[PDB]
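Here is input.pdb, consisting of PDB, C-alpha atoms:
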ATOM      1  CA  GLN A 788     -23.729  34.256  11.816
ATOM      2  CA  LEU A 789     -24.206  31.009   9.815
ATOM      3  CA  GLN A 790     -23.681  27.781  11.829
ATOM      4  CA  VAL A 791     -24.421  24.059  11.112
ATOM      5  CA  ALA A 792     -27.659  23.005  12.865
ATOM      6  CA  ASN A 793     -26.610  20.280  15.335
ATOM      7  CA  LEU A 794     -30.132  18.903  16.045
ATOM      8  CA  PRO A 795     -30.804  17.087  19.357
ATOM      9  CA  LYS A 796     -31.070  13.289  19.191
ATOM     10  CA  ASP A 797     -34.129  11.459  20.558
ATOM     11  CA  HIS A 798     -34.448  11.873  24.375
ATOM     12  CA  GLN A 799     -33.858   8.225  25.288
ATOM     13  CA  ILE A 800     -34.244   7.613  29.056
ATOM     14  CA  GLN A 801     -31.300   8.930  31.141
ATOM     15  CA  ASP A 802     -29.658   5.874  32.679
ATOM     16  CA  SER A 803     -26.913   6.755  35.246
ATOM     17  CA  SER A 804     -24.196   4.285  34.027
ATOM     18  CA  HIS A 805     -20.935   6.135  34.962
ATOM     19  CA  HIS A 806     -19.020   4.102  32.271
ATOM     20  CA  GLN A 807     -20.477   6.489  29.614
ATOM     21  CA  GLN A 808     -18.255   9.334  30.993
ATOM     22  CA  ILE A 809     -15.093   7.249  30.255
ATOM     23  CA  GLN A 810     -16.040   6.664  26.576
ATOM     24  CA  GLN A 811     -16.984  10.387  26.318
ATOM     25  CA  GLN A 812     -13.478  11.387  27.627
ATOM     26  CA  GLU A 813     -11.816   8.831  25.241
ATOM     27  CA  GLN A 814     -13.684  10.413  22.278
ATOM     28  CA  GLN A 815     -12.933  13.985  23.539
ATOM     29  CA  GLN A 816      -9.151  13.224  23.735
ATOM     30  CA  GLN A 817      -9.204  11.682  20.202
ATOM     31  CA  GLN A 818     -11.183  14.767  18.989
ATOM     32  CA  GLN A 819      -8.630  17.144  20.671
ATOM     33  CA  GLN A 820      -5.814  15.361  18.745
ATOM     34  CA  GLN A 821      -7.865  15.530  15.467
ATOM     35  CA  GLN A 822      -8.615  19.284  16.104
ATOM     36  CA  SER A 823      -4.913  19.910  15.229
ATOM     37  CA  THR A 824      -5.497  18.812  11.550
ATOM     38  CA  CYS A 825      -9.317  18.718  10.874
ATOM     39  CA  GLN A 826      -9.351  22.580  11.148
ATOM     40  CA  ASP A 827     -10.368  23.065   7.466
ATOM     41  CA  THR A 828     -13.643  21.061   7.895
ATOM     42  CA  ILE A 829     -17.273  22.312   8.303
ATOM     43  CA  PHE A 830     -17.200  20.973  11.936
ATOM     44  CA  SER A 831     -14.299  23.418  12.728
ATOM     45  CA  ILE A 832     -16.204  26.721  12.026
ATOM     46  CA  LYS A 833     -14.443  29.663  13.761
ATOM     47  CA  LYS A 834     -16.612  32.769  14.507
ATOM     48  CA  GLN A 835     -16.208  35.101  11.498
ATOM     49  CA  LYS A 836     -15.966  38.909  11.346
ATOM     50  CA  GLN A 837     -18.715  40.750   9.397
ATOM     51  CA  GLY A 838     -18.178  39.927   5.657
ATOM     52  CA  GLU A 839     -15.283  37.477   6.473
ATOM     53  CA  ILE A 840     -16.245  34.497   4.219
ATOM     54  CA  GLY A 841     -14.436  31.277   5.294
ATOM     55  CA  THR A 842     -13.532  28.292   3.066
ATOM     56  CA  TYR A 843     -14.659  25.024   4.711
ATOM     57  CA  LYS A 844     -14.095  21.478   3.339
ATOM     58  CA  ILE A 845     -17.207  19.250   3.251
ATOM     59  CA  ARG A 846     -18.135  15.862   1.709
ATOM     60  CA  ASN A 847     -20.480  15.686  -1.315
ATOM     61  CA  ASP A 848     -23.657  13.513  -1.516
ATOM     62  CA  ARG A 849     -25.918  14.563   1.463
ATOM     63  CA  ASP A 850     -28.457  17.040   2.852
ATOM     64  CA  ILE A 851     -27.375  19.283   5.825
ATOM     65  CA  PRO A 852     -29.431  21.671   8.070
ATOM     66  CA  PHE A 853     -28.049  25.177   8.896
ATOM     67  CA  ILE A 854     -29.036  27.814  11.513
ATOM     68  CA  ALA A 855     -29.002  31.634  11.240
ATOM     69  CA  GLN A 856     -27.790  32.683  14.731
ATOM     70  CA  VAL A 857     -28.721  36.323  15.599
ATOM     71  CA  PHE A 858     -26.900  38.490  18.178
ATOM     72  CA  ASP A 859     -27.094  41.986  19.597
ATOM     73  CA  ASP A 860     -23.949  44.117  18.951
ATOM     74  CA  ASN A 861     -22.660  43.544  22.400
ATOM     75  CA  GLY A 862     -22.361  40.013  20.794
ATOM     76  CA  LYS A 863     -25.018  38.236  22.994
ATOM     77  CA  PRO A 864     -27.434  35.780  21.262
ATOM     78  CA  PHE A 865     -31.153  36.617  21.694
ATOM     79  CA  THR A 866     -33.387  34.421  23.965
ATOM     80  CA  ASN A 867     -36.069  34.959  21.302
ATOM     81  CA  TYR A 868     -35.726  36.664  17.866
ATOM     82  CA  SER A 869     -38.931  35.295  16.139
ATOM     83  CA  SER A 870     -39.925  38.789  14.805
ATOM     84  CA  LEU A 871     -37.393  38.695  11.867
ATOM     85  CA  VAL A 872     -37.584  37.470   8.202
ATOM     86  CA  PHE A 873     -34.644  35.509   6.659
ATOM     87  CA  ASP A 874     -33.248  35.069   3.101
ATOM     88  CA  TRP A 875     -31.450  31.771   2.205
ATOM     89  CA  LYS A 876     -29.110  31.809  -0.877
ATOM     90  CA  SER A 877     -26.440  29.831  -2.799
ATOM     91  CA  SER A 878     -24.120  30.871  -5.692
ATOM     92  CA  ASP A 879     -24.953  27.613  -7.583
ATOM     93  CA  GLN A 880     -28.097  25.454  -7.069
ATOM     94  CA  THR A 881     -26.496  22.495  -8.940
ATOM     95  CA  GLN A 882     -23.516  22.254  -6.486
ATOM     96  CA  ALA A 883     -25.479  23.213  -3.283
ATOM     97  CA  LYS A 884     -29.215  23.974  -2.992
ATOM     98  CA  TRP A 885     -31.691  24.988  -0.264
TER      99      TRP A 885
ATOM    100  CA  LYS B 591      -7.134  42.535  49.914
ATOM    101  CA  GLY B 592      -4.159  44.515  48.495
ATOM    102  CA  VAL B 593      -1.604  43.246  51.126
ATOM    103  CA  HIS B 594       1.005  40.496  50.427
ATOM    104  CA  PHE B 595       3.911  38.935  52.376
ATOM    105  CA  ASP B 596       6.916  41.356  52.698
ATOM    106  CA  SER B 597       9.302  38.693  51.252
ATOM    107  CA  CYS B 598       8.975  35.191  49.712
ATOM    108  CA  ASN B 599      11.873  32.728  49.239
ATOM    109  CA  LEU B 600      10.168  29.584  47.854
ATOM    110  CA  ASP B 601      11.864  29.228  44.466
ATOM    111  CA  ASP B 602      11.635  25.363  44.100
ATOM    112  CA  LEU B 603       8.141  25.429  42.445
ATOM    113  CA  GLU B 604       6.670  22.624  40.276
ATOM    114  CA  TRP B 605       6.366  24.603  36.978
ATOM    115  CA  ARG B 606       4.918  22.795  33.856
ATOM    116  CA  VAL B 607       3.829  23.324  30.282
ATOM    117  CA  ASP B 608       0.433  21.618  29.718
ATOM    118  CA  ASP B 609      -0.736  20.099  26.375
ATOM    119  CA  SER B 610      -4.423  20.795  25.550
ATOM    120  CA  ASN B 611      -5.283  17.390  23.921
ATOM    121  CA  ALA B 612      -3.846  14.951  26.574
ATOM    122  CA  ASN B 613      -7.253  13.552  27.681
ATOM    123  CA  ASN B 614      -7.008   9.706  27.811
ATOM    124  CA  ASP B 615      -3.518   8.243  27.556
ATOM    125  CA  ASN B 616      -2.180   7.164  30.988
ATOM    126  CA  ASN B 617       1.028   5.976  29.182
ATOM    127  CA  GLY B 618       4.744   6.859  29.818
ATOM    128  CA  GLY B 619       5.368   7.814  26.136
ATOM    129  CA  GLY B 620       8.156  10.240  25.092
ATOM    130  CA  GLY B 621       5.809  12.692  23.277
ATOM    131  CA  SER B 622       7.410  14.571  20.333
ATOM    132  CA  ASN B 623       8.566  18.076  21.410
ATOM    133  CA  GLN B 624       7.538  19.524  17.987
ATOM    134  CA  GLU B 625       3.763  20.208  18.344
ATOM    135  CA  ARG B 626       4.004  22.649  21.342
ATOM    136  CA  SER B 627       3.822  26.438  20.955
ATOM    137  CA  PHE B 628       5.968  26.899  24.124
ATOM    138  CA  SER B 629       8.864  25.401  26.127
ATOM    139  CA  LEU B 630       9.905  25.972  29.788
ATOM    140  CA  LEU B 631      13.513  27.283  29.879
ATOM    141  CA  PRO B 632      16.224  25.737  32.162
ATOM    142  CA  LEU B 633      17.282  27.557  35.338
ATOM    143  CA  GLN B 634      20.915  28.653  34.836
ATOM    144  CA  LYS B 635      23.541  27.691  37.485
ATOM    145  CA  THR B 636      25.053  31.203  37.334
ATOM    146  CA  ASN B 637      25.421  33.547  40.374
ATOM    147  CA  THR B 638      22.194  33.953  42.444
ATOM    148  CA  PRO B 639      20.099  36.815  40.945
TER     149      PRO B 639
ATOM    150  CA  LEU C 689       2.370  46.598  -9.467
ATOM    151  CA  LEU C 690      -0.681  46.767 -11.845
ATOM    152  CA  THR C 691      -1.752  48.172 -15.252
ATOM    153  CA  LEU C 692      -4.466  50.872 -15.531
ATOM    154  CA  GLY C 693      -7.836  49.376 -14.403
ATOM    155  CA  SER C 694      -6.226  46.011 -13.416
ATOM    156  CA  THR C 695      -7.376  44.231 -10.233
ATOM    157  CA  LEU C 696      -5.579  41.749  -7.915
ATOM    158  CA  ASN C 697      -6.582  39.537  -4.949
ATOM    159  CA  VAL C 698      -4.078  39.509  -2.008
ATOM    160  CA  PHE C 699      -3.848  36.922   0.817
ATOM    161  CA  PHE C 700      -2.394  36.909   4.357
ATOM    162  CA  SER C 701      -1.238  34.525   7.130
ATOM    163  CA  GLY C 702      -0.191  34.549  10.819
ATOM    164  CA  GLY C 703      -0.846  37.044  13.669
ATOM    165  CA  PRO C 704      -3.353  37.251  16.597
ATOM    166  CA  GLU C 705      -6.537  35.129  17.064
ATOM    167  CA  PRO C 706      -9.774  36.931  18.169
ATOM    168  CA  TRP C 707      -9.144  37.341  21.925
ATOM    169  CA  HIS C 708     -10.435  34.137  23.559
ATOM    170  CA  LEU C 709     -12.988  35.513  26.089
ATOM    171  CA  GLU C 710     -14.469  38.495  24.146
ATOM    172  CA  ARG C 711     -13.504  38.163  20.390
ATOM    173  CA  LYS C 712     -15.356  41.415  19.309
ATOM    174  CA  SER C 713     -12.165  43.167  20.547
ATOM    175  CA  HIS C 714     -10.356  41.708  17.445
ATOM    176  CA  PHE C 715      -9.697  43.574  14.181
ATOM    177  CA  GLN C 716      -8.194  43.345  10.737
ATOM    178  CA  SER C 717      -7.459  46.798   9.155
ATOM    179  CA  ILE C 718      -6.381  47.631   5.555
ATOM    180  CA  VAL C 719      -5.532  51.233   4.412
ATOM    181  CA  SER C 720      -3.033  53.092   2.142
ATOM    182  CA  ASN C 721      -0.469  55.784   3.147
ATOM    183  CA  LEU C 722      -2.566  58.698   1.628
ATOM    184  CA  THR C 723      -5.371  60.786   3.294
ATOM    185  CA  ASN C 724      -7.028  60.927  -0.203
ATOM    186  CA  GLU C 725      -7.175  57.223  -1.385
ATOM    187  CA  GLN C 726     -10.454  57.180  -3.406
ATOM    188  CA  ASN C 727      -8.904  58.727  -6.603
ATOM    189  CA  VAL C 728      -5.808  56.410  -6.944
ATOM    190  CA  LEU C 729      -6.784  52.884  -5.794
ATOM    191  CA  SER C 730      -9.807  50.991  -4.424
ATOM    192  CA  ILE C 731      -9.210  48.617  -1.462
ATOM    193  CA  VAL C 732     -11.944  45.999  -0.777
ATOM    194  CA  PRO C 733     -11.767  43.371   2.060
ATOM    195  CA  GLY C 734     -12.484  39.744   0.998
ATOM    196  CA  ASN C 735     -13.588  36.530   2.754
ATOM    197  CA  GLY C 736     -11.324  35.444   5.661
ATOM    198  CA  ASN C 737      -7.645  36.464   5.253
TER     199      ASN C 737
END
As structure tokens, what does this structure read like?
Amino acid sequence: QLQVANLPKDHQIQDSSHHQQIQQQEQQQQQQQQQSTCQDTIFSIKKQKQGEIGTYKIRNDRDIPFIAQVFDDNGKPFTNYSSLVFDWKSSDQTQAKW
Amino acid sequence: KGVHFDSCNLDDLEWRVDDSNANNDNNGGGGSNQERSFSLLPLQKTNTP
Amino acid sequence: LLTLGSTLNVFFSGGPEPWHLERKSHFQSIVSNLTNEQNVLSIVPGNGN
């Protein structure tokens, strides 16, 4: 499957300020309300069937990293799959380009 | 495991529908009964089933 | 309804989500009412619905 590559941020030192959990739950509740309508967007990717191309809405004017996630056909992701060779393509390298 | 009580009369239970986005708002607002997939039906005051 | 050699794209909405816990149990299926299809029409699945 294709997914957007959500990179880690910098590992800044883990302070234990409990207040952070409140602002995380505030943002999660606002996100749960927005998940009713933002369903068309690239952040709302639903796991596709084989060959089931999805339309996703995305803003112009940026670069974006993607990840090729590999599974067995029980559907489990591999703990390592670094023996494979990948092939990255686009229908138009003016509109969107690796 | 595999045995129950022979009979249970305890009909008064606190049944709810829960809304999956209700994370923050500790507010007594009359939320619009339009966005839910389901509704809990009223108990009829007909003869005891 | 089509002319000889004409081709159409067809689109669909509603029905079950890939079952929450397992999802590989889901399917979409598309077939015609003849045991002999490959001489009369060609059916090809698209992207999404």
- Can you list what the PyMOL selection byres ((chain C) within 8 of (chain A)) grabs from this structure, as a list in words?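 When the PyMOL selection byres ((chain C) within 8 of (chain A)) is applied to the shown file, the picked residues are residues 712, 734, 735, 736 and 737 of chain C.
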- Message: Using only C-alpha atoms, which protein or nucleic acid residues come within 10 Å of residue 705 in chain C? Drop anything in the same chain fewer than 6 positions from it, and give the result as a ChimeraX atom specification.
- Response: /C:711,714-715
Hey, could you make a per-residue contact list for chain A against chain B with 9 Å as the cut-off, showing the nearest pair of atoms and its distance in Å to one decimal, counting all atoms listed in the file, sorted by chain and number, as CSV?
residue,atom,partner,partner_atom,distance
A:809,CA,B:614,CA,8.8
A:812,CA,B:613,CA,6.6
A:813,CA,B:614,CA,5.5
A:814,CA,B:614,CA,8.7
A:815,CA,B:613,CA,7.0
A:816,CA,B:613,CA,4.4
A:817,CA,B:611,CA,7.9
A:818,CA,B:611,CA,8.1
A:819,CA,B:611,CA,4.7
A:820,CA,B:611,CA,5.6
A:822,CA,B:611,CA,8.7
- Task: Could you list the residues chosen by the PyMOL selection byres ((chain A and resi 883) around 12) in this structure as a PyMOL selection string?
- Result: chain A and resi 845-851+875-882+884-885
- Task: Could you tell me how far CA of residue 832 in chain A lies from CA of residue 791 in chain A, in Å and to one decimal?
- Result: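 CA of residue 791 in chain A lies 8.7 Å from CA of residue 832 in chain A.
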- Residues returned when the PyMOL selection byres ((chain B and resi 628) around 12) runs on this file, as a count of residues only: 12
- Item | Near-residue 730 in chain C list (12 Å; all atoms listed in the file; drop same-chain fewer than 3 positions) as number ranges by chain | C: 693-697, 718-720, 724-727, 733
May I ask you to restore N, CA, C and O atoms in range 605-616 of chain B and write the result as a CSV table (one decimal), keeping the file's coordinate frame?
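Result file is rebuild_10.csv:
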chain,number,residue,atom,x,y,z
B,605,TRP,N,6.8,24.0,38.3
B,605,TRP,CA,6.4,24.6,37.0
B,605,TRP,C,6.2,23.5,35.9
B,605,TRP,O,7.1,22.7,35.7
B,606,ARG,N,5.2,23.6,35.1
B,606,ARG,CA,4.9,22.8,33.9
B,606,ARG,C,4.4,23.6,32.7
B,606,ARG,O,3.8,24.7,32.8
B,607,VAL,N,4.7,23.1,31.5
B,607,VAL,CA,3.8,23.3,30.3
B,607,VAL,C,2.8,22.2,30.2
B,607,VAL,O,3.1,21.0,30.4
B,608,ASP,N,1.5,22.6,29.9
B,608,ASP,CA,0.4,21.6,29.7
B,608,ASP,C,0.0,21.6,28.2
B,608,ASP,O,-0.1,22.6,27.5
B,609,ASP,N,-0.3,20.4,27.7
B,609,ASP,CA,-0.7,20.1,26.4
B,609,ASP,C,-2.2,19.9,26.3
B,609,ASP,O,-2.8,19.0,27.0
B,610,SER,N,-3.0,20.6,25.5
B,610,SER,CA,-4.4,20.8,25.6
B,610,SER,C,-5.2,19.6,25.1
B,610,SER,O,-6.5,19.6,25.2
B,611,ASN,N,-4.6,18.6,24.5
B,611,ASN,CA,-5.3,17.4,23.9
B,611,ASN,C,-5.1,16.1,24.7
B,611,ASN,O,-5.6,15.0,24.3
B,612,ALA,N,-4.3,16.1,25.8
B,612,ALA,CA,-3.8,15.0,26.6
B,612,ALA,C,-4.9,14.3,27.5
B,612,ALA,O,-4.7,14.3,28.7
B,613,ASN,N,-6.0,13.9,26.9
B,613,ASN,CA,-7.3,13.6,27.7
B,613,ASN,C,-7.3,12.1,28.2
B,613,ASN,O,-7.9,11.9,29.3
B,614,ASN,N,-6.7,11.1,27.5
B,614,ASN,CA,-7.0,9.7,27.8
B,614,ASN,C,-5.8,8.9,28.3
B,614,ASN,O,-5.8,8.1,29.1
B,615,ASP,N,-4.6,9.2,27.7
B,615,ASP,CA,-3.5,8.2,27.6
B,615,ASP,C,-2.6,8.3,28.8
B,615,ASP,O,-1.6,8.9,28.9
B,616,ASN,N,-3.0,7.4,29.8
B,616,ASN,CA,-2.2,7.2,31.0
B,616,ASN,C,-0.9,6.3,30.7
B,616,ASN,O,-0.8,5.2,31.2
